[PDB]
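Raw data.tsv, TSV, C-alpha atoms:
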```tsv
chain	number	residue	atom	x	y	z
A	325	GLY	CA	46.73	10.57	-15.18
A	326	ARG	CA	45.72	12.78	-18.16
A	327	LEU	CA	45.41	16.60	-17.59
A	328	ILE	CA	43.09	19.28	-19.04
A	329	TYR	CA	45.29	21.90	-20.75
A	330	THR	CA	43.94	25.43	-21.30
A	331	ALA	CA	45.95	27.75	-23.50
A	332	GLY	CA	45.49	31.54	-24.14
A	333	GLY	CA	42.13	33.38	-23.88
A	334	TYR	CA	41.09	36.97	-23.25
A	335	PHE	CA	40.61	39.32	-20.27
A	336	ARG	CA	41.45	43.04	-21.04
A	337	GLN	CA	43.81	41.63	-23.79
A	338	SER	CA	44.69	38.18	-25.33
A	339	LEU	CA	46.68	36.07	-22.82
A	340	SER	CA	49.70	33.75	-23.00
A	341	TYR	CA	48.77	31.44	-20.16
A	342	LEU	CA	49.06	27.70	-20.40
A	343	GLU	CA	47.73	25.97	-17.30
A	344	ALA	CA	46.93	22.31	-16.59
A	345	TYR	CA	44.06	21.12	-14.40
A	346	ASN	CA	44.21	17.69	-12.77
A	347	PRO	CA	40.58	16.56	-12.20
A	348	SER	CA	41.69	13.70	-9.84
A	349	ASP	CA	43.16	16.13	-7.22
A	350	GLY	CA	41.72	19.63	-8.15
A	351	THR	CA	45.11	21.21	-8.65
A	352	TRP	CA	46.18	23.70	-11.31
A	353	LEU	CA	49.78	23.94	-12.56
A	354	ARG	CA	51.19	26.89	-14.48
A	355	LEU	CA	53.30	25.80	-17.46
A	356	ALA	CA	55.36	27.50	-20.24
A	357	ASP	CA	53.72	30.56	-21.73
A	358	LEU	CA	52.54	30.66	-25.35
A	359	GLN	CA	55.29	32.45	-27.35
A	360	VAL	CA	52.67	34.86	-28.70
A	361	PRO	CA	49.47	35.87	-26.70
A	362	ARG	CA	46.18	34.57	-28.26
A	363	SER	CA	42.44	34.40	-27.86
A	364	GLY	CA	39.88	32.83	-30.16
A	365	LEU	CA	42.25	29.89	-30.70
A	366	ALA	CA	41.54	26.13	-30.52
A	367	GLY	CA	43.54	23.30	-28.97
A	368	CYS	CA	43.76	19.67	-29.98
A	369	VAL	CA	46.11	16.73	-29.30
A	370	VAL	CA	47.85	14.42	-31.80
A	371	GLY	CA	50.25	11.68	-30.69
A	372	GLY	CA	50.47	12.96	-27.06
A	373	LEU	CA	51.41	16.50	-28.29
A	374	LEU	CA	49.21	19.70	-27.63
A	375	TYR	CA	48.60	22.07	-30.60
A	376	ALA	CA	47.50	25.72	-30.42
A	377	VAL	CA	45.91	26.78	-33.69
A	378	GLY	CA	44.83	30.16	-34.99
A	379	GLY	CA	43.19	32.88	-32.84
A	380	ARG	CA	44.36	36.50	-32.68
A	381	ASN	CA	46.57	38.69	-30.54
A	382	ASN	CA	44.23	41.53	-29.53
A	383	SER	CA	46.42	43.86	-27.36
A	384	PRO	CA	46.39	47.59	-26.53
A	385	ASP	CA	49.08	47.84	-29.22
A	386	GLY	CA	46.54	46.66	-31.84
A	387	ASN	CA	45.24	43.36	-33.16
A	388	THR	CA	46.91	40.68	-35.33
A	389	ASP	CA	44.91	37.58	-36.43
A	390	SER	CA	47.00	34.46	-36.25
A	391	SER	CA	47.66	31.84	-38.94
A	392	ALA	CA	50.05	30.21	-36.47
A	393	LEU	CA	50.28	26.59	-35.38
A	394	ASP	CA	52.32	25.89	-32.28
A	395	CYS	CA	53.19	22.62	-30.58
A	396	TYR	CA	53.56	22.01	-26.83
A	397	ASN	CA	55.25	18.81	-25.53
A	398	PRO	CA	54.04	18.10	-22.02
A	399	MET	CA	57.01	15.84	-21.34
A	400	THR	CA	59.46	18.65	-22.02
A	401	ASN	CA	57.36	21.81	-21.21
A	402	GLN	CA	58.75	23.33	-24.55
A	403	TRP	CA	56.63	25.02	-27.30
A	404	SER	CA	57.87	24.63	-30.93
A	405	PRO	CA	56.58	26.65	-33.96
A	406	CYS	CA	55.14	24.56	-36.79
A	407	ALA	CA	54.15	25.53	-40.40
A	408	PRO	CA	51.44	28.29	-40.48
A	409	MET	CA	48.01	27.86	-42.08
A	410	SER	CA	47.35	29.45	-45.48
A	411	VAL	CA	45.27	32.22	-43.75
A	412	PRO	CA	44.70	33.70	-40.25
A	413	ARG	CA	41.70	32.18	-38.45
A	414	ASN	CA	40.32	33.92	-35.42
A	415	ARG	CA	37.48	32.01	-33.64
A	416	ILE	CA	38.59	28.81	-35.51
A	417	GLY	CA	37.23	25.26	-34.78
A	418	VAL	CA	39.52	22.24	-35.16
A	419	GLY	CA	39.05	18.42	-35.37
A	420	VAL	CA	41.49	15.55	-35.73
A	421	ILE	CA	41.09	12.61	-38.15
A	422	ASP	CA	43.75	9.89	-38.84
A	423	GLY	CA	46.32	11.95	-36.92
A	424	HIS	CA	45.71	15.03	-39.16
A	425	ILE	CA	44.40	18.37	-37.81
A	426	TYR	CA	41.58	20.05	-39.70
A	427	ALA	CA	41.38	23.88	-39.37
A	428	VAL	CA	37.81	25.02	-40.00
A	429	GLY	CA	36.34	28.47	-40.69
A	430	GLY	CA	37.31	31.36	-38.36
A	431	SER	CA	37.81	35.05	-39.55
A	432	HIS	CA	40.62	37.18	-40.86
A	433	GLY	CA	39.57	40.84	-40.34
A	434	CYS	CA	35.97	41.21	-41.74
A	435	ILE	CA	36.36	37.94	-43.82
A	436	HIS	CA	34.29	35.07	-42.37
A	437	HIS	CA	35.94	31.93	-43.85
A	438	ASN	CA	34.13	28.97	-45.47
A	439	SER	CA	37.61	27.45	-46.15
A	440	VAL	CA	39.20	24.39	-44.49
A	441	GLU	CA	42.70	23.00	-44.43
A	442	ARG	CA	44.38	19.86	-43.11
A	443	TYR	CA	47.79	19.63	-41.34
A	444	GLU	CA	49.91	16.47	-41.49
A	445	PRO	CA	52.28	16.53	-38.48
A	446	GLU	CA	54.80	13.97	-40.04
A	447	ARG	CA	55.36	16.28	-42.98
A	448	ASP	CA	54.74	19.69	-41.33
A	449	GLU	CA	52.50	20.71	-44.24
A	450	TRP	CA	49.01	22.16	-44.56
A	451	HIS	CA	46.70	21.30	-47.54
A	452	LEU	CA	43.48	23.06	-48.43
A	453	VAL	CA	40.39	20.84	-48.71
A	454	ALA	CA	36.86	21.51	-49.99
A	455	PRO	CA	35.23	24.51	-48.27
A	456	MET	CA	32.06	24.34	-46.14
A	457	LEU	CA	28.65	25.11	-47.56
A	458	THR	CA	28.46	28.09	-45.09
A	459	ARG	CA	30.97	30.67	-43.78
A	460	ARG	CA	31.21	30.05	-40.01
A	461	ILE	CA	33.18	31.77	-37.35
A	462	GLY	CA	32.70	30.91	-33.70
A	463	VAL	CA	32.09	27.43	-35.24
A	464	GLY	CA	32.01	24.24	-33.07
A	465	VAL	CA	33.88	21.28	-34.57
A	466	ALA	CA	33.88	17.59	-33.67
A	467	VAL	CA	34.80	14.25	-35.30
A	468	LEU	CA	32.60	11.16	-35.23
A	469	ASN	CA	33.32	7.89	-37.10
A	470	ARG	CA	36.04	9.68	-39.17
A	471	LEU	CA	33.53	12.33	-40.47
A	472	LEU	CA	34.17	15.99	-39.56
A	473	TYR	CA	31.26	18.19	-38.25
A	474	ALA	CA	30.97	22.08	-38.38
A	475	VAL	CA	28.21	23.20	-36.01
A	476	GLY	CA	26.58	26.58	-35.53
A	477	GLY	CA	28.63	29.78	-35.64
A	478	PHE	CA	28.24	33.16	-37.34
A	479	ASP	CA	28.28	33.63	-41.20
A	480	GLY	CA	28.96	37.42	-41.21
A	481	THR	CA	25.27	38.30	-40.99
A	482	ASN	CA	23.37	35.64	-39.05
A	483	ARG	CA	23.96	33.37	-36.09
A	484	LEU	CA	23.33	29.77	-37.24
A	485	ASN	CA	21.39	26.68	-35.94
A	486	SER	CA	22.65	24.83	-39.08
A	487	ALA	CA	25.30	22.09	-39.04
A	488	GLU	CA	27.21	20.27	-41.82
A	489	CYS	CA	29.40	17.16	-42.15
A	490	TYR	CA	32.53	16.55	-44.19
A	491	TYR	CA	33.36	13.11	-45.74
A	492	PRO	CA	37.12	13.01	-46.25
A	493	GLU	CA	37.30	10.36	-48.91
A	494	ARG	CA	34.69	12.16	-50.98
A	495	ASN	CA	36.21	15.61	-50.06
A	496	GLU	CA	32.57	16.76	-49.74
A	497	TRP	CA	30.40	18.66	-47.33
A	498	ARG	CA	26.70	18.08	-46.70
A	499	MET	CA	24.16	19.77	-44.43
A	500	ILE	CA	22.77	17.60	-41.60
A	501	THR	CA	19.74	18.16	-39.34
A	502	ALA	CA	19.97	21.68	-37.85
A	503	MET	CA	20.16	22.13	-33.99
A	504	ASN	CA	17.08	23.05	-32.01
A	505	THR	CA	18.83	26.32	-30.89
A	506	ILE	CA	20.67	29.02	-32.94
A	507	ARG	CA	24.29	28.97	-31.31
A	508	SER	CA	27.34	30.95	-32.23
A	509	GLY	CA	30.42	30.44	-30.09
A	510	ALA	CA	29.14	27.19	-28.47
A	511	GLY	CA	31.42	24.51	-27.22
A	512	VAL	CA	31.19	21.42	-29.43
A	513	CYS	CA	32.72	18.02	-28.57
A	514	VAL	CA	32.02	14.28	-29.00
A	515	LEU	CA	31.24	12.16	-26.03
A	516	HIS	CA	30.10	8.55	-26.21
A	517	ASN	CA	29.55	8.76	-29.96
A	518	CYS	CA	27.22	11.79	-29.70
A	519	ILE	CA	28.09	15.39	-30.73
A	520	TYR	CA	27.37	17.84	-27.90
A	521	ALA	CA	26.74	21.52	-28.44
A	522	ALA	CA	26.81	23.43	-25.03
A	523	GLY	CA	26.08	27.20	-24.71
A	524	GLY	CA	26.73	29.88	-27.29
A	525	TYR	CA	25.06	33.11	-28.16
A	526	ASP	CA	21.82	33.45	-30.27
A	527	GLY	CA	22.17	37.13	-31.27
A	528	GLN	CA	20.48	38.28	-28.03
A	529	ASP	CA	21.46	36.16	-25.02
A	530	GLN	CA	24.11	33.73	-23.95
A	531	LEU	CA	22.75	30.16	-23.56
A	532	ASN	CA	23.06	27.60	-20.86
A	533	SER	CA	21.14	24.87	-22.74
A	534	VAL	CA	22.99	21.85	-24.15
A	535	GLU	CA	21.81	19.45	-26.88
A	536	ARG	CA	23.41	16.38	-28.46
A	537	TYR	CA	23.30	14.86	-31.96
A	538	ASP	CA	22.98	11.18	-32.64
A	539	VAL	CA	24.08	10.01	-36.18
A	540	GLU	CA	21.81	6.95	-35.69
A	541	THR	CA	18.56	8.89	-35.23
A	542	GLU	CA	19.71	12.07	-37.11
A	543	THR	CA	18.15	13.96	-34.13
A	544	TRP	CA	19.32	16.70	-31.73
A	545	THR	CA	18.10	16.13	-28.15
A	546	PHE	CA	18.40	18.50	-25.12
A	547	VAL	CA	20.24	17.26	-22.02
A	548	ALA	CA	20.56	18.98	-18.61
A	549	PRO	CA	21.52	22.68	-19.06
A	550	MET	CA	24.79	24.12	-17.60
A	551	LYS	CA	24.36	26.20	-14.46
A	552	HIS	CA	26.10	29.26	-16.09
A	553	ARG	CA	25.18	30.55	-19.55
A	554	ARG	CA	28.25	31.23	-21.63
A	555	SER	CA	29.65	31.70	-25.11
A	556	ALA	CA	33.34	31.59	-26.33
A	557	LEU	CA	33.89	28.77	-23.78
A	558	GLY	CA	36.52	26.06	-24.15
A	559	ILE	CA	35.19	22.45	-24.02
A	560	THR	CA	36.92	19.11	-23.73
A	561	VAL	CA	36.39	15.50	-22.64
A	562	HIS	CA	38.42	13.88	-19.80
A	563	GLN	CA	37.70	10.28	-18.73
A	564	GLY	CA	34.22	10.23	-20.22
A	565	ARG	CA	33.00	13.51	-18.78
A	566	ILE	CA	32.55	16.89	-20.54
A	567	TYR	CA	34.28	19.98	-19.05
A	568	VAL	CA	33.48	23.58	-20.09
A	569	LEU	CA	35.96	26.29	-19.18
A	570	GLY	CA	35.31	30.03	-18.95
A	571	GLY	CA	33.61	32.11	-21.59
A	572	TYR	CA	31.69	35.37	-21.60
A	573	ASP	CA	28.10	35.98	-20.56
A	574	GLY	CA	27.38	39.71	-21.46
A	575	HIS	CA	28.43	40.92	-17.95
A	576	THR	CA	31.52	39.04	-16.90
A	577	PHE	CA	34.36	36.74	-17.98
A	578	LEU	CA	33.77	33.34	-16.39
A	579	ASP	CA	36.41	31.46	-14.40
A	580	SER	CA	33.79	28.69	-13.88
A	581	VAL	CA	34.71	25.16	-14.97
A	582	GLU	CA	31.55	23.03	-15.19
A	583	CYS	CA	31.58	19.20	-15.50
A	584	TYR	CA	28.88	17.10	-17.21
A	585	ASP	CA	28.39	13.53	-16.05
A	586	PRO	CA	26.48	11.67	-18.79
A	587	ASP	CA	25.77	8.77	-16.42
A	588	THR	CA	23.74	10.99	-14.18
A	589	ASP	CA	22.84	13.77	-16.75
A	590	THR	CA	24.01	16.42	-14.25
A	591	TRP	CA	26.45	19.38	-14.27
A	592	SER	CA	28.58	20.55	-11.34
A	593	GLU	CA	31.08	23.29	-10.94
A	594	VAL	CA	34.28	21.43	-10.14
A	595	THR	CA	36.91	24.20	-10.07
A	596	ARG	CA	37.57	27.73	-11.22
A	597	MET	CA	40.33	28.86	-13.52
A	598	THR	CA	42.94	30.99	-11.76
A	599	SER	CA	41.22	34.05	-13.54
A	600	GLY	CA	38.13	34.58	-15.64
A	601	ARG	CA	38.63	34.49	-19.42
A	602	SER	CA	36.91	33.86	-22.74
A	603	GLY	CA	38.22	32.35	-26.06
A	604	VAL	CA	40.63	29.72	-24.65
A	605	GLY	CA	41.90	26.65	-26.51
A	606	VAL	CA	41.73	23.42	-24.46
A	607	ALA	CA	42.66	19.76	-24.99
A	608	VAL	CA	43.43	16.65	-22.92
A	609	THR	CA	46.51	14.45	-22.88
B	69	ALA	CA	42.44	56.77	-39.82
B	70	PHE	CA	40.07	58.47	-37.23
B	71	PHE	CA	41.20	56.81	-33.89
B	72	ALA	CA	37.70	55.44	-33.47
B	73	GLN	CA	36.52	54.19	-30.05
B	74	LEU	CA	36.68	50.36	-29.52
B	75	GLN	CA	33.52	48.26	-29.95
B	76	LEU	CA	32.33	45.38	-27.83
B	77	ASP	CA	32.04	41.91	-29.31
B	78	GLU	CA	28.76	40.70	-27.70
B	79	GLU	CA	29.88	37.02	-28.11
B	80	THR	CA	33.42	36.98	-26.83
B	81	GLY	CA	33.52	40.17	-24.69
B	82	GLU	CA	36.62	41.48	-26.59
B	83	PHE	CA	36.96	45.17	-27.42
B	84	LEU	CA	38.15	45.88	-30.93
```

What does the file become when written as structure tokens?
Amino acid sequence: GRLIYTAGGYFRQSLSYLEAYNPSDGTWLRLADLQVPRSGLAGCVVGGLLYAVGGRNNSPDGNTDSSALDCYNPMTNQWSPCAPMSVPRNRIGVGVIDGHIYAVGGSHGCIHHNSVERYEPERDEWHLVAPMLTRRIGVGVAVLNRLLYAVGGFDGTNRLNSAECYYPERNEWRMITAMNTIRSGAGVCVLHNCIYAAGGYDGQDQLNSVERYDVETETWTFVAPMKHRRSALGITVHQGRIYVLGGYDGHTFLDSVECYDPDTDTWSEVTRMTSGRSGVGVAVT
Amino acid sequence: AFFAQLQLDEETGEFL
């Protein structure tokens, strides 16, 4: 069956781990390390291949923000370097439309990006596209009906409840209804045609609440909260259920993986990562 | 240039 892949993350420095969780049997498998350690990255999957995008290597030797894009083939257990983005993007959000990867926002040093670029795997090229209305790092990104969504995050000064949507054929961003909750560093994913925003940080506390956006009602509605409040969590969808992995809560790095069942509106803790960590990239194939 | 102490990122827990 399909596996949940978690790549990189942070705990006393940025990590190189790639591990795969099998939700059907509860097992974790250690796979080939990232070639360069990274935290604050994002994962996504195009054509059965796993991509690690952006992040930074924050080590005791000093920090380097990453413009890198790397590709893992699960059939071969080999990582291959791809063309880098035009700029480093730490705490990036990514979404995939028509087999192309959009890189959204993130930071390079003190710069909080509003910019956005699009990678075509068949050509190995990145192209810049229109920038967001707002600079957003720690931004949640999801794709619904071939429109790209940038949700919450941090603009350099304020944590945001705002969200905006990009229409590729118009190459245009517009603001949509804002979330009920200010969230920076939430996990954002699409499940059953609704955009979910789980957790995050509001400038004072980590959040365990979770709300979802419906394009049809233009409304954000709360669902059951997670058991553990968290920000800088990885989030993904595996056979119609949401998983959140790790994060930070002001006191600890979480190893907790929680699972949301939309058919019962309930969370459970289904496994723990082999060590607590924040800022992972995660995807399913 | 001053070998400043690291600061805590309240969101991610990283020290920079």

The residues within 10 Å of (40.2, 45.7, -32.8), using all atoms listed in the file and the coordinates of the file, should be reported as number ranges by chain; which are they?
A: 381-388, 433; B: 73-77, 82-84

Could you save the residues just selected, with C-alpha atoms, as a PDB file, in the frame of the given file?
```
ATOM      1  CA  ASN A 381      46.570  38.690 -30.540  1.00  0.00           C
ATOM      2  CA  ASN A 382      44.230  41.530 -29.530  1.00  0.00           C
ATOM      3  CA  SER A 383      46.420  43.860 -27.360  1.00  0.00           C
ATOM      4  CA  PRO A 384      46.390  47.590 -26.530  1.00  0.00           C
ATOM      5  CA  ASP A 385      49.080  47.840 -29.220  1.00  0.00           C
ATOM      6  CA  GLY A 386      46.540  46.660 -31.840  1.00  0.00           C
ATOM      7  CA  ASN A 387      45.240  43.360 -33.160  1.00  0.00           C
ATOM      8  CA  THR A 388      46.910  40.680 -35.330  1.00  0.00           C
ATOM      9  CA  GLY A 433      39.570  40.840 -40.340  1.00  0.00           C
TER      10      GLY A 433
ATOM     11  CA  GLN B  73      36.520  54.190 -30.050  1.00  0.00           C
ATOM     12  CA  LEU B  74      36.680  50.360 -29.520  1.00  0.00           C
ATOM     13  CA  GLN B  75      33.520  48.260 -29.950  1.00  0.00           C
ATOM     14  CA  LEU B  76      32.330  45.380 -27.830  1.00  0.00           C
ATOM     15  CA  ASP B  77      32.040  41.910 -29.310  1.00  0.00           C
ATOM     16  CA  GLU B  82      36.620  41.480 -26.590  1.00  0.00           C
ATOM     17  CA  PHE B  83      36.960  45.170 -27.420  1.00  0.00           C
ATOM     18  CA  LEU B  84      38.150  45.880 -30.930  1.00  0.00           C
TER      19      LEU B  84
END
```

For the contact check between chain B and chain A, emit one row per residue of chain B within 7 Å, containing the shortest atom pair and the distance in Å rounded to one decimal, counting all atoms listed in the file, chain then rising number order, as JSON lines.
```
{"residue": "B:78", "atom": "CA", "partner": "A:574", "partner_atom": "CA", "distance": 6.5}
{"residue": "B:79", "atom": "CA", "partner": "A:555", "partner_atom": "CA", "distance": 6.1}
{"residue": "B:80", "atom": "CA", "partner": "A:556", "partner_atom": "CA", "distance": 5.4}
{"residue": "B:81", "atom": "CA", "partner": "A:572", "partner_atom": "CA", "distance": 6.0}
```

A:359, A:492, A:349, A:479: which is nearest residue 405 (chain A), counting all atoms listed in the file?
A:359

Gap from CA of residue 521 (chain A) to CA of residue 428 (chain A) - Å, one decimal
16.4 Å

Selection near residue 473 (chain A), 6 Å with all atoms listed in the file, sequence-local residues under 6 positions removed, as a ChimeraX atom specification
/A:465-466,488-489

What residues have an atom no more than 10 Å from (53.1, 14.5, -37.9) in the file's own frame, counting only C-alpha atoms, and can you write them as a ChimeraX atom specification?
/A:370-371,373,423-425,443-449

As an exercise, work out the distance from CA of residue 481 (chain A) to CA of residue 430 (chain A) in Å and give it to one decimal place.
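Rounded to one decimal, the two atoms are 14.1 Å apart.
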
Just give me the gap between CA of residue 531 (chain A) and CA of residue 515 (chain A) in Å, one decimal is fine.
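Going from CA of residue 531 (chain A) over to CA of residue 515 (chain A), I get 20.1 Å.
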